[PDB]
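Worksheet for the structure shown next.
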Amino acid sequence: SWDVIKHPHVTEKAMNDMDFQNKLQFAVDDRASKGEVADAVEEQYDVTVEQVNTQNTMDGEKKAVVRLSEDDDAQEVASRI
Amino acid sequence: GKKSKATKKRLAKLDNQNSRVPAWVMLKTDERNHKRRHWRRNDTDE
Amino acid sequence: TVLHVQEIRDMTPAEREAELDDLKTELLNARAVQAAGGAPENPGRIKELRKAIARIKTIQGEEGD
Amino acid sequence: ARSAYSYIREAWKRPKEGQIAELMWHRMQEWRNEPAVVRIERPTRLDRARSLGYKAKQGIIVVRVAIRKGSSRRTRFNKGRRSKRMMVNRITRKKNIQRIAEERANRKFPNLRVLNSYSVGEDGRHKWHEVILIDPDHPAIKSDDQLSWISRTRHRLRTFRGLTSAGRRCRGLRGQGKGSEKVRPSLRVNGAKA
Amino acid sequence: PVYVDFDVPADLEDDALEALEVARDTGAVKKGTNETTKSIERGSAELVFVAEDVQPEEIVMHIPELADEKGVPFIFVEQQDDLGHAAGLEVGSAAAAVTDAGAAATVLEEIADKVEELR
Amino acid sequence: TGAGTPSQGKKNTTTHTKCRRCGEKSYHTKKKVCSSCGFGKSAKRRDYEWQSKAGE
RNA sequence: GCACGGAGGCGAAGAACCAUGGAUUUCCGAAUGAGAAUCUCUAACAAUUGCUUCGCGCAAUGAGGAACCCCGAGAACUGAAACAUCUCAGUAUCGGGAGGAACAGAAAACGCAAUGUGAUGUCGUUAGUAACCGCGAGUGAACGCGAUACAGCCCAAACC
RNA sequence: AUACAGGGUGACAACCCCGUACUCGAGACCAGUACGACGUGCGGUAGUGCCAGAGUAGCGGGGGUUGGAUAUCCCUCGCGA
RNA sequence: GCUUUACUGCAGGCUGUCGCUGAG
Ligand SMILES: [Cl-]
Ligand SMILES: [Cl-]
Ligand SMILES: [K+]
Ligand SMILES: [Mg+2]
Ligand SMILES: [Mg+2]
Ligand SMILES: [Mg+2]
Ligand SMILES: [Mg+2]
Ligand SMILES: [Mg+2]
Ligand SMILES: [Mg+2]
Ligand SMILES: [Mg+2]
Ligand SMILES: [Mg+2]
Ligand SMILES: [Mg+2]
Ligand SMILES: [Mg+2]
Ligand code: NA
Ligand code: NA
Ligand code: NA
Ligand code: NA
Ligand code: NA
Ligand code: NA
Ligand code: NA
Ligand code: NA
Ligand code: NA
Ligand code: NA
Ligand code: NA
Ligand code: NA
Ligand code: NA
């Protein structure tokens, strides 16, 4: 069985989204829907997913831009990994 | 042109195969990528 | 290595699952550190983590869970 | 004393005489409106069937098949052909209609194998034959000391290989003596000259 | 149909089958076309029953003429399974033969007469 | 118009594509049939005796 | 692993490596819920069949494989110093199908005619003989014999 | 040396290493065969026209095929014990 | 490749006959 989250997509742009927009970017299994990405994300980091945007990359992988609720802080969630 | 998810996967792989033999492999083998494909000079399938 | 077959078999179906979900997490955090160009790596483990998970899965199947 | 079967046989010796003659005239009207391959609960010629191997048992099927009458339905040559080979009307296939029937029947029942077949008449343009097929996977046949042989793997698709009754006959294998020089053990092995 | 040259009234058929049932219990009966045919040939048949819903008809076609040139009497039954059931079989039967009735040699003999008259 | 060079310009139609079944780029997307393996036409694979010398 | 780097790791809890057996085994693919250039849409033996508790409940088929094998369809260049019959050749190629081998096979045979042989393949021979043929060019057996290997049986029906 | 087959090893190696002769073990095939055994019952005389496979055997038309000639094998149309 | 009252054949069309096919 395949897992939903593959690993955190950490790049300069990913940082900007995290510091200024409270978003986390991830490399996810391309068969995963926004819904699944949202759930998998909350259960792994214990946060509140507000929105998910996906993109099938020219790297063969699927990227998810996950925005957390004002209640949570991306910068911190990402700092523990 | 409008590409499908599959097509996109394939082009992606093709792009990746388009890298060079890493330097370390040179050293590990004591000494060429014959599948180098230029976008203009070469033509992919499909 | 650090996790042998006997030890896996000495676990209860519930301990394997708990151990399983534990390794998975170590693995995921390893990939993250790697995804962040993190150098505090130790290649030998990210590899072991995969094998360990495999063993547990193998045992879970042999025992019937 | 004479068997009841002997009568069915006696009748079929002259299918254009007496009662059977009227039966045919009747039947053929329904047959003509029937399909290519129609499974029928009982053999029209019971003596025949049983004589061929038929048994009122599980795993035994019978079917009537309709084929067009005449010579080869043959397309004329679209390129250079010497006179001899320029032929279309008088060529006739080398397989008899009864054999075609067997194959058609058999294809309809992919899992079944052809045991034998017999003719049941013809009108101006049809010819009808009833085929006896067998289900090689149904115990009762697997367990029948008289038909279990057909269950063997070596018998898969007997008809298509000419292992049938009409098959061997049509292949020229009747005689064991004079004339079967190019026939036995196989047409193909004899360079195909019979 | 082709081998049936006369129709047997429903009521006559009933008396026929009834007689048949008492025949299997009191006398002797042959079940099945083959066995029946041999009775007519060996002359041991007194009354033969033939179904009218037999397909193919070849199986029975011969009964009539055969029984005529042997003096044996015969009657038609509409249902194949009724004759079978009457003969004591769980299955149907295309033809039966009462080989020496039983506690019915009377009723029987008379059915034979009723039919002969039925032309 | 020249059937040569000048007629090569209108060639921007896609026909033969990567075949789902054999992996060759011979699946005619307009015919939906593979010219290499027969996929879309035959369940059995395309093959011919003339693809090699008669005695081989 | 090929593959001899860098870093790190595994192995006396006997690893590497080898044998056997077992686990896992994405998507397309006969491809079978339906559609699709390997993805997608809302439970599936699709299709054709046998049995049938008549419910896909129990089963079968499909496609592959180096050639070999069996059954069907069947050229021409060429040779004949042209060319039609003939030849090339039942070859090439095509359709269908089996197996580890296929096919054949226990005489309505043979016919060294006999007071004789005794299922069937195959090998050697018989023989380029008999037979065919614009009687041209060409084509071309069999019985028998010597070997190989050997093996003989079951229904339909009569009577039950 | 029952081992002087072959290979490797910083140059021509029986004696440096692998191996080789000898002996031994295992798997696969032979084969679910042969042998053994269980059950079944073979055979003979006399009498009896009870049974023994039909579009068949066979004939004719037309084609194909074969060395098959009148005397090959097959298909088709018609007839038919 | 093409043509025709070149040679030989082949489709196809017309026509007789047999089968399908029966009653007075
Ligand atoms: Cl078959
Ligand atoms: Cl002899
Ligand atoms: K020629
Ligand atoms: Mg989008
Ligand atoms: Mg790049
Ligand atoms: Mg041009
Ligand atoms: Mg599908
Ligand atoms: Mg010439
Ligand atoms: Mg000449
Ligand atoms: Mg052979
Ligand atoms: Mg020849
Ligand atoms: Mg001879
Ligand atoms: Mg010839
Ligand atoms: Na990634
Ligand atoms: Na290009
Ligand atoms: Na079949
Ligand atoms: Na021939
Ligand atoms: Na595997
Ligand atoms: Na199936
Ligand atoms: Na069902
Ligand atoms: Na010449
Ligand atoms: Na010439
Ligand atoms: Na000639
Ligand atoms: Na001799
Ligand atoms: Na003829
Ligand atoms: Na020309």
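Order determines the names: the first chain of the structure tokens is A, the second B, and so forth; residues in each chain are numbered 1 upward, and ligands are numbered 1 upward as they are shown.
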
Original post:
ligand 18: which residues are within 10 Å, counting only C-alpha atoms (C1' of nucleotides) and all ligand atoms, as a PyMOL selection string?
Top reply: chain G and resi 23-25

Those selected residues, please, written with C-alpha atoms (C1' of nucleotides) and delivered as a PDB file, in the first residue's frame.
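Written output follows (out_15.pdb):
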```pdb
ATOM      1  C1'   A G  23       6.294 -13.457   1.375  1.00  0.00           C
ATOM      2  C1'   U G  24       5.781  -9.070  -1.300  1.00  0.00           C
ATOM      3  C1'   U G  25       4.799  -8.468  -6.426  1.00  0.00           C
TER       4        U G  25
END
```

**OP:** Report the residues of chain B whose backbone DSSP state falls under alpha helix (DSSP H), written as a ChimeraX atom specification.
**Re:** /B:5-17,23-28

Write as a PDB file with N, CA, C and O atoms (P, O5', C5', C4', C3', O3' and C1' of nucleotides), in the first residue's frame the residues around ligand 19, taking 8 Å as the cut-off and counting only C-alpha atoms (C1' of nucleotides) and all ligand atoms.
```
ATOM      1  P     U G  32     -10.750  -5.806 -20.617  1.00  0.00           P
ATOM      2  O5'   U G  32     -11.539  -6.726 -19.585  1.00  0.00           O
ATOM      3  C5'   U G  32     -12.950  -6.560 -19.328  1.00  0.00           C
ATOM      4  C4'   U G  32     -13.429  -7.656 -18.406  1.00  0.00           C
ATOM      5  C3'   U G  32     -12.567  -7.801 -17.158  1.00  0.00           C
ATOM      6  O3'   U G  32     -13.341  -8.249 -16.041  1.00  0.00           O
ATOM      7  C1'   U G  32     -12.455  -9.797 -18.412  1.00  0.00           C
ATOM      8  P     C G  45     -18.375 -11.077 -11.480  1.00  0.00           P
ATOM      9  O5'   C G  45     -17.293 -11.872 -12.344  1.00  0.00           O
ATOM     10  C5'   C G  45     -16.227 -11.174 -13.037  1.00  0.00           C
ATOM     11  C4'   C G  45     -15.774 -11.978 -14.230  1.00  0.00           C
ATOM     12  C3'   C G  45     -16.891 -12.415 -15.152  1.00  0.00           C
ATOM     13  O3'   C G  45     -17.248 -11.402 -16.064  1.00  0.00           O
ATOM     14  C1'   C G  45     -15.488 -14.255 -14.736  1.00  0.00           C
ATOM     15  P     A G  60     -11.548 -23.787 -14.332  1.00  0.00           P
ATOM     16  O5'   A G  60     -11.973 -23.973 -15.859  1.00  0.00           O
ATOM     17  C5'   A G  60     -11.999 -25.293 -16.446  1.00  0.00           C
ATOM     18  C4'   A G  60     -12.563 -25.258 -17.856  1.00  0.00           C
ATOM     19  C3'   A G  60     -11.918 -24.299 -18.837  1.00  0.00           C
ATOM     20  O3'   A G  60     -10.711 -24.825 -19.380  1.00  0.00           O
ATOM     21  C1'   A G  60     -14.271 -24.134 -19.022  1.00  0.00           C
ATOM     22  P     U G  61      -9.500 -23.823 -19.703  1.00  0.00           P
ATOM     23  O5'   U G  61     -10.034 -23.022 -20.968  1.00  0.00           O
ATOM     24  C5'   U G  61     -10.211 -23.714 -22.210  1.00  0.00           C
ATOM     25  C4'   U G  61     -10.782 -22.803 -23.259  1.00  0.00           C
ATOM     26  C3'   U G  61      -9.989 -21.548 -23.566  1.00  0.00           C
ATOM     27  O3'   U G  61      -8.982 -21.900 -24.519  1.00  0.00           O
ATOM     28  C1'   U G  61     -12.284 -21.015 -23.260  1.00  0.00           C
TER      29        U G  61
END
```

Original post:
So which bits of segment 12-185 of chain D end up strand (DSSP E or B) when you DSSP the backbone, as a count of residues only?
Top reply: 31

**OP:** Please check which protein, DNA or RNA residues sit within 8 Å of ligand 9, counting only C-alpha atoms (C1' of nucleotides) and all ligand atoms, and write them as an NGL selection string.
**Re:** :G and (80 or 134 or 136-137)

**OP:** Please provide the set of residues having any atom within 12 Å of residue 65 of chain C, restricted to only C-alpha atoms (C1' of nucleotides), with same-chain residues fewer than 6 positions apart removed, written as a VMD selection string.
**Re:** chain C and resid 8 to 9 11 to 17 56 to 59

Subject >> Within 8 Å of segment 87-93 of chain E using only C-alpha atoms (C1' of nucleotides), minus same-chain residues under 5 positions, as a ChimeraX atom specification >> reply: /E:20-21,24,29,31-33,51,80-82

Can you spit out the residues from that selection as a compact mmCIF listing (two decimals), in the first residue's frame, using N, CA and C atoms?
```txt
# COMPACT_ATOMS: atom_id res chain seq x y z
N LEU E 20 -53.46 -48.67 -16.09
CA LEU E 20 -52.02 -48.85 -16.13
C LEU E 20 -51.43 -48.92 -14.73
N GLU E 21 -51.89 -48.04 -13.86
CA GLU E 21 -51.40 -48.01 -12.49
C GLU E 21 -51.72 -49.31 -11.76
N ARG E 24 -49.31 -52.15 -13.01
CA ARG E 24 -47.98 -52.22 -12.43
C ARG E 24 -48.03 -52.88 -11.05
N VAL E 29 -45.95 -54.63 -16.36
CA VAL E 29 -45.83 -53.58 -17.36
C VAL E 29 -44.38 -53.32 -17.75
N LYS E 31 -41.82 -50.48 -19.21
CA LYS E 31 -41.62 -49.03 -19.32
C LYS E 31 -40.47 -48.68 -20.27
N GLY E 32 -40.74 -47.81 -21.24
CA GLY E 32 -39.70 -47.45 -22.18
C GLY E 32 -39.99 -48.00 -23.57
N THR E 33 -39.69 -47.21 -24.60
CA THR E 33 -39.94 -47.61 -25.98
C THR E 33 -39.27 -48.91 -26.39
N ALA E 51 -47.01 -41.91 -26.02
CA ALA E 51 -47.18 -40.48 -25.76
C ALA E 51 -47.30 -39.72 -27.07
N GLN E 80 -46.33 -37.01 -21.89
CA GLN E 80 -45.24 -37.99 -21.81
C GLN E 80 -44.93 -38.39 -20.36
N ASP E 81 -45.04 -37.41 -19.46
CA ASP E 81 -44.76 -37.59 -18.03
C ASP E 81 -45.86 -38.26 -17.26
N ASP E 82 -47.06 -38.15 -17.79
CA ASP E 82 -48.22 -38.75 -17.17
C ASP E 82 -48.11 -40.26 -17.39
```

**OP:** Grab me every residue within 12 Å of ligand 10, counting only C-alpha atoms (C1' of nucleotides) and all ligand atoms, and send it over as a ChimeraX atom specification.
**Re:** /D:182-191 /G:68-70,101-104,120-122

**OP:** Output as a PyMOL selection string the set of chain G residues within 7 Å of chain B, with distances taken over only C-alpha atoms (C1' of nucleotides).
**Re:** chain G and resi 3-5+39

Selection file, N, CA and C atoms (P, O5', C5', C4', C3', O3' and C1' of nucleotides), as a PDB file, in the first residue's frame:
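Output saved as result_21.pdb:
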```pdb
ATOM      1  P     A G   3      32.868  -3.914 -13.096  1.00  0.00           P
ATOM      2  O5'   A G   3      32.742  -3.121 -11.718  1.00  0.00           O
ATOM      3  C5'   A G   3      33.808  -2.267 -11.240  1.00  0.00           C
ATOM      4  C4'   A G   3      33.242  -1.152 -10.389  1.00  0.00           C
ATOM      5  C3'   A G   3      32.239  -1.588  -9.322  1.00  0.00           C
ATOM      6  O3'   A G   3      32.316  -0.681  -8.222  1.00  0.00           O
ATOM      7  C1'   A G   3      31.204  -0.052 -10.754  1.00  0.00           C
ATOM      8  P     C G   4      33.053  -1.121  -6.871  1.00  0.00           P
ATOM      9  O5'   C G   4      34.529  -0.550  -7.052  1.00  0.00           O
ATOM     10  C5'   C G   4      35.504  -0.734  -6.015  1.00  0.00           C
ATOM     11  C4'   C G   4      36.831  -0.122  -6.402  1.00  0.00           C
ATOM     12  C3'   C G   4      36.844   1.374  -6.719  1.00  0.00           C
ATOM     13  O3'   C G   4      37.952   1.968  -6.054  1.00  0.00           O
ATOM     14  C1'   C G   4      37.946   0.167  -8.429  1.00  0.00           C
ATOM     15  P     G G   5      37.708   2.795  -4.698  1.00  0.00           P
ATOM     16  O5'   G G   5      37.749   4.322  -5.155  1.00  0.00           O
ATOM     17  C5'   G G   5      36.695   4.865  -5.976  1.00  0.00           C
ATOM     18  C4'   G G   5      36.504   6.345  -5.708  1.00  0.00           C
ATOM     19  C3'   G G   5      36.213   6.716  -4.263  1.00  0.00           C
ATOM     20  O3'   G G   5      37.405   7.108  -3.618  1.00  0.00           O
ATOM     21  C1'   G G   5      34.431   7.441  -5.607  1.00  0.00           C
ATOM     22  P     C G  39       0.144   5.991 -16.219  1.00  0.00           P
ATOM     23  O5'   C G  39      -0.727   7.325 -16.162  1.00  0.00           O
ATOM     24  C5'   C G  39      -1.876   7.440 -15.290  1.00  0.00           C
ATOM     25  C4'   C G  39      -3.086   7.913 -16.068  1.00  0.00           C
ATOM     26  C3'   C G  39      -4.381   8.062 -15.284  1.00  0.00           C
ATOM     27  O3'   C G  39      -4.485   9.301 -14.589  1.00  0.00           O
ATOM     28  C1'   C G  39      -4.824   6.909 -17.278  1.00  0.00           C
TER      29        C G  39
END
```

Subject >> All residues having an atom within 8 Å of ligand 11 (only C-alpha atoms (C1' of nucleotides) and all ligand atoms) as a list in words >> reply: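 The distance check yields residues 89, 139 and 140 of chain G.
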
Using only C-alpha atoms (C1' of nucleotides), please write the residues we just selected to a file, as a PDB file, in the first residue's frame.
```
ATOM      1  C1'   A G  89       5.440 -26.588 -55.541  1.00  0.00           C
ATOM      2  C1'   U G 139       7.799 -36.217 -61.838  1.00  0.00           C
ATOM      3  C1'   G G 140       7.915 -40.613 -58.908  1.00  0.00           C
TER       4        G G 140
END
```

**OP:** Enter the distance from atom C1' of residue 73 of chain H to atom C1' of residue 19 of chain I, in Å, rounded to one decimal.
**Re:**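 The value is 26.9 Å.
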
**OP:** Tell me, as a list in words, which residues lie within 10 Å of segment 42-45 of chain F, counting only C-alpha atoms (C1' of nucleotides); anything in the same chain fewer than 3 positions away does not count.
**Re:**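 Listed by chain and then number, they are residues 21, 22, 33, 34, 36, 37, 38, 39 and 48 of chain F; 30, 31, 62, 63 and 64 of chain G.
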
Save the residues we just selected, N, CA, C and O atoms (P, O5', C5', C4', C3', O3' and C1' of nucleotides), as a PDB file, in the first residue's frame?
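File produced: out_5.pdb:
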```pdb
ATOM      1  N   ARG F  21      -0.073  -1.226 -25.241  1.00  0.00           N
ATOM      2  CA  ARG F  21       0.313  -2.638 -25.205  1.00  0.00           C
ATOM      3  C   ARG F  21       1.757  -3.070 -25.448  1.00  0.00           C
ATOM      4  O   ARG F  21       2.279  -3.913 -24.721  1.00  0.00           O
ATOM      5  N   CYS F  22       2.394  -2.539 -26.484  1.00  0.00           N
ATOM      6  CA  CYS F  22       3.749  -2.965 -26.797  1.00  0.00           C
ATOM      7  C   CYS F  22       4.801  -1.928 -26.477  1.00  0.00           C
ATOM      8  O   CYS F  22       5.990  -2.217 -26.505  1.00  0.00           O
ATOM      9  N   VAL F  33      -5.417   1.705 -33.558  1.00  0.00           N
ATOM     10  CA  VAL F  33      -4.853   0.413 -33.845  1.00  0.00           C
ATOM     11  C   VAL F  33      -3.347   0.547 -33.911  1.00  0.00           C
ATOM     12  O   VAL F  33      -2.821   1.519 -34.466  1.00  0.00           O
ATOM     13  N   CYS F  34      -2.649  -0.423 -33.331  1.00  0.00           N
ATOM     14  CA  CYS F  34      -1.201  -0.395 -33.367  1.00  0.00           C
ATOM     15  C   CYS F  34      -0.699  -1.087 -34.624  1.00  0.00           C
ATOM     16  O   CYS F  34      -1.091  -2.205 -34.928  1.00  0.00           O
ATOM     17  N   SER F  36       2.357  -1.875 -35.046  1.00  0.00           N
ATOM     18  CA  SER F  36       3.433  -2.770 -34.636  1.00  0.00           C
ATOM     19  C   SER F  36       2.930  -4.094 -34.026  1.00  0.00           C
ATOM     20  O   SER F  36       3.253  -5.179 -34.520  1.00  0.00           O
ATOM     21  N   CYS F  37       2.131  -4.003 -32.964  1.00  0.00           N
ATOM     22  CA  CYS F  37       1.610  -5.192 -32.291  1.00  0.00           C
ATOM     23  C   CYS F  37       0.149  -5.576 -32.597  1.00  0.00           C
ATOM     24  O   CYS F  37      -0.306  -6.628 -32.163  1.00  0.00           O
ATOM     25  N   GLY F  38      -0.593  -4.742 -33.315  1.00  0.00           N
ATOM     26  CA  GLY F  38      -1.966  -5.104 -33.643  1.00  0.00           C
ATOM     27  C   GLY F  38      -3.008  -4.800 -32.585  1.00  0.00           C
ATOM     28  O   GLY F  38      -4.204  -5.062 -32.758  1.00  0.00           O
ATOM     29  N   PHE F  39      -2.544  -4.251 -31.472  1.00  0.00           N
ATOM     30  CA  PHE F  39      -3.424  -3.876 -30.377  1.00  0.00           C
ATOM     31  C   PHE F  39      -4.562  -3.006 -30.904  1.00  0.00           C
ATOM     32  O   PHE F  39      -4.318  -1.985 -31.545  1.00  0.00           O
ATOM     33  N   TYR F  48       4.347 -11.921 -38.359  1.00  0.00           N
ATOM     34  CA  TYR F  48       4.317 -12.508 -39.696  1.00  0.00           C
ATOM     35  C   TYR F  48       5.574 -13.287 -40.025  1.00  0.00           C
ATOM     36  O   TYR F  48       6.660 -12.929 -39.593  1.00  0.00           O
TER      37      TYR F  48
ATOM     38  P     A G  30      -4.683  -6.940 -24.092  1.00  0.00           P
ATOM     39  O5'   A G  30      -4.544  -8.483 -23.745  1.00  0.00           O
ATOM     40  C5'   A G  30      -4.177  -9.422 -24.768  1.00  0.00           C
ATOM     41  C4'   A G  30      -5.039 -10.657 -24.682  1.00  0.00           C
ATOM     42  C3'   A G  30      -6.502 -10.453 -24.333  1.00  0.00           C
ATOM     43  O3'   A G  30      -7.258  -9.994 -25.461  1.00  0.00           O
ATOM     44  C1'   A G  30      -5.626 -12.414 -23.284  1.00  0.00           C
ATOM     45  P     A G  31      -8.834  -9.701 -25.302  1.00  0.00           P
ATOM     46  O5'   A G  31      -8.972  -9.190 -23.799  1.00  0.00           O
ATOM     47  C5'   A G  31      -8.226  -8.053 -23.324  1.00  0.00           C
ATOM     48  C4'   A G  31      -8.516  -7.830 -21.861  1.00  0.00           C
ATOM     49  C3'   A G  31      -8.276  -6.418 -21.322  1.00  0.00           C
ATOM     50  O3'   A G  31      -9.215  -6.149 -20.273  1.00  0.00           O
ATOM     51  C1'   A G  31      -6.984  -7.955 -20.103  1.00  0.00           C
ATOM     52  P     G G  62      -7.514 -21.236 -24.439  1.00  0.00           P
ATOM     53  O5'   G G  62      -7.770 -19.758 -24.955  1.00  0.00           O
ATOM     54  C5'   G G  62      -8.462 -19.524 -26.187  1.00  0.00           C
ATOM     55  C4'   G G  62      -8.732 -18.058 -26.337  1.00  0.00           C
ATOM     56  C3'   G G  62      -7.512 -17.184 -26.075  1.00  0.00           C
ATOM     57  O3'   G G  62      -7.567 -16.050 -26.910  1.00  0.00           O
ATOM     58  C1'   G G  62      -9.238 -16.575 -24.615  1.00  0.00           C
ATOM     59  P     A G  63      -6.814 -16.072 -28.313  1.00  0.00           P
ATOM     60  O5'   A G  63      -5.339 -15.589 -27.946  1.00  0.00           O
ATOM     61  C5'   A G  63      -5.051 -14.201 -27.721  1.00  0.00           C
ATOM     62  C4'   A G  63      -3.920 -14.052 -26.724  1.00  0.00           C
ATOM     63  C3'   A G  63      -2.592 -14.690 -27.075  1.00  0.00           C
ATOM     64  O3'   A G  63      -1.822 -13.939 -27.977  1.00  0.00           O
ATOM     65  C1'   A G  63      -3.083 -15.220 -24.849  1.00  0.00           C
ATOM     66  P     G G  64      -0.760 -14.694 -28.909  1.00  0.00           P
ATOM     67  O5'   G G  64       0.427 -15.090 -27.922  1.00  0.00           O
ATOM     68  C5'   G G  64       1.173 -14.079 -27.229  1.00  0.00           C
ATOM     69  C4'   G G  64       2.161 -14.705 -26.260  1.00  0.00           C
ATOM     70  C3'   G G  64       3.289 -15.541 -26.844  1.00  0.00           C
ATOM     71  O3'   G G  64       4.350 -14.734 -27.348  1.00  0.00           O
ATOM     72  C1'   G G  64       2.362 -16.693 -25.009  1.00  0.00           C
TER      73        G G  64
END
```

Original post:
Can you tell me which residues sit at most 9 Å away from ligand 20, counting only C-alpha atoms (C1' of nucleotides) and all ligand atoms, written as number ranges by chain?
Top reply: G: 52, 54-58

Written file, previous selection with C-alpha atoms (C1' of nucleotides), as a PDB file, in the first residue's frame:
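The resulting file, selection-v1.pdb, is reproduced below:
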```pdb
ATOM      1  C1'   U G  52     -26.720 -25.743 -12.163  1.00  0.00           C
ATOM      2  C1'   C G  54     -31.124 -21.165 -12.299  1.00  0.00           C
ATOM      3  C1'   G G  55     -27.448 -17.010  -7.767  1.00  0.00           C
ATOM      4  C1'   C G  56     -21.413 -16.075 -12.023  1.00  0.00           C
ATOM      5  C1'   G G  57     -23.021 -20.661  -7.110  1.00  0.00           C
ATOM      6  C1'   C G  58     -19.227 -24.433  -9.292  1.00  0.00           C
TER       7        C G  58
END
```

**OP:** Kindly work out which residues sit at most 10 Å from ligand 21, using only C-alpha atoms (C1' of nucleotides) and all ligand atoms, and give the list as a ChimeraX atom specification.
**Re:** /G:78-82

**OP:** Name each residue within 10 Å of ligand 7, counting only C-alpha atoms (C1' of nucleotides) and all ligand atoms, as a list in words.
**Re:**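 With only C-alpha atoms (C1' of nucleotides) and all ligand atoms and a cut-off of 10 Å, ligand 7 is contacted by residues 28, 31, 32, 33, 34, 35, 36 and 46 of chain G.
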
Subject >> Long-range neighbours of residue 46 of chain A as a list in words, 12 Å cut-off, only C-alpha atoms (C1' of nucleotides), 5 positions minimum in chain >> reply: residues 38, 39, 40, 41, 68, 69, 71, 72, 73, 74 and 77 of chain A

**OP:** Might you pull out every residue within 12 Å of residue 8 of chain I, with only C-alpha atoms (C1' of nucleotides) counted and same-chain residues fewer than 4 positions away left off, and present them as a PyMOL selection string?
**Re:** (chain D and resi 82-84+86) or (chain G and resi 83-85)

Could you please take those selected residues and save N, CA and C atoms (P, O5', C5', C4', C3', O3' and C1' of nucleotides) as a PDB file, in the first residue's frame?
```
ATOM      1  N   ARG D  82      -1.712 -18.091 -64.081  1.00  0.00           N
ATOM      2  CA  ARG D  82      -1.721 -18.906 -65.332  1.00  0.00           C
ATOM      3  C   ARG D  82      -3.183 -19.497 -65.491  1.00  0.00           C
ATOM      4  N   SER D  83      -3.609 -19.775 -66.737  1.00  0.00           N
ATOM      5  CA  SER D  83      -5.009 -20.255 -67.017  1.00  0.00           C
ATOM      6  C   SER D  83      -5.597 -21.281 -66.012  1.00  0.00           C
ATOM      7  N   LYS D  84      -4.820 -22.339 -65.800  1.00  0.00           N
ATOM      8  CA  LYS D  84      -5.059 -23.439 -64.869  1.00  0.00           C
ATOM      9  C   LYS D  84      -5.572 -22.954 -63.480  1.00  0.00           C
ATOM     10  N   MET D  86      -6.709 -19.781 -62.878  1.00  0.00           N
ATOM     11  CA  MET D  86      -7.645 -18.680 -63.044  1.00  0.00           C
ATOM     12  C   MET D  86      -9.095 -19.018 -62.606  1.00  0.00           C
TER      13      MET D  86
ATOM     14  P     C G  83       8.857 -18.394 -71.544  1.00  0.00           P
ATOM     15  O5'   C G  83       7.450 -18.905 -72.081  1.00  0.00           O
ATOM     16  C5'   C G  83       6.470 -17.977 -72.595  1.00  0.00           C
ATOM     17  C4'   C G  83       5.252 -18.724 -73.085  1.00  0.00           C
ATOM     18  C3'   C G  83       4.646 -19.724 -72.110  1.00  0.00           C
ATOM     19  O3'   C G  83       3.698 -19.082 -71.258  1.00  0.00           O
ATOM     20  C1'   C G  83       4.981 -20.768 -74.207  1.00  0.00           C
ATOM     21  P     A G  84       3.424 -19.654 -69.775  1.00  0.00           P
ATOM     22  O5'   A G  84       2.124 -20.565 -69.914  1.00  0.00           O
ATOM     23  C5'   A G  84       1.272 -20.474 -71.054  1.00  0.00           C
ATOM     24  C4'   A G  84      -0.008 -21.232 -70.797  1.00  0.00           C
ATOM     25  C3'   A G  84       0.172 -22.644 -70.279  1.00  0.00           C
ATOM     26  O3'   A G  84      -1.024 -23.020 -69.631  1.00  0.00           O
ATOM     27  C1'   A G  84      -0.544 -22.725 -72.512  1.00  0.00           C
ATOM     28  P     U G  85      -0.965 -23.505 -68.105  1.00  0.00           P
ATOM     29  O5'   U G  85      -1.049 -25.094 -68.216  1.00  0.00           O
ATOM     30  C5'   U G  85      -2.307 -25.765 -68.440  1.00  0.00           C
ATOM     31  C4'   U G  85      -2.073 -27.237 -68.682  1.00  0.00           C
ATOM     32  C3'   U G  85      -1.203 -27.997 -67.688  1.00  0.00           C
ATOM     33  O3'   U G  85      -1.838 -28.335 -66.469  1.00  0.00           O
ATOM     34  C1'   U G  85      -0.626 -28.631 -69.895  1.00  0.00           C
TER      35        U G  85
END
```

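What chain A places within 12 Å of chain G, counting only C-alpha atoms (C1' of nucleotides), is residues 1, 2, 29, 30 and 31 of chain A.
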
Original post:
For chain G, which residues have at least one atom within 6 Å of chain F, if we go by only C-alpha atoms (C1' of nucleotides)? Write them as number ranges by chain, please.
Top reply: G: 28-29, 37-38

Write the residues of the preceding selection, restricted to C-alpha atoms (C1' of nucleotides), as a PDB file, in the first residue's frame.
```
ATOM      1  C1'   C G  28      -0.870  -1.417 -19.161  1.00  0.00           C
ATOM      2  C1'   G G  29      -1.002  -5.962 -21.120  1.00  0.00           C
ATOM      3  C1'   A G  37      -1.926   6.248 -26.531  1.00  0.00           C
ATOM      4  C1'   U G  38       0.063   2.664 -19.720  1.00  0.00           C
TER       5        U G  38
END
```
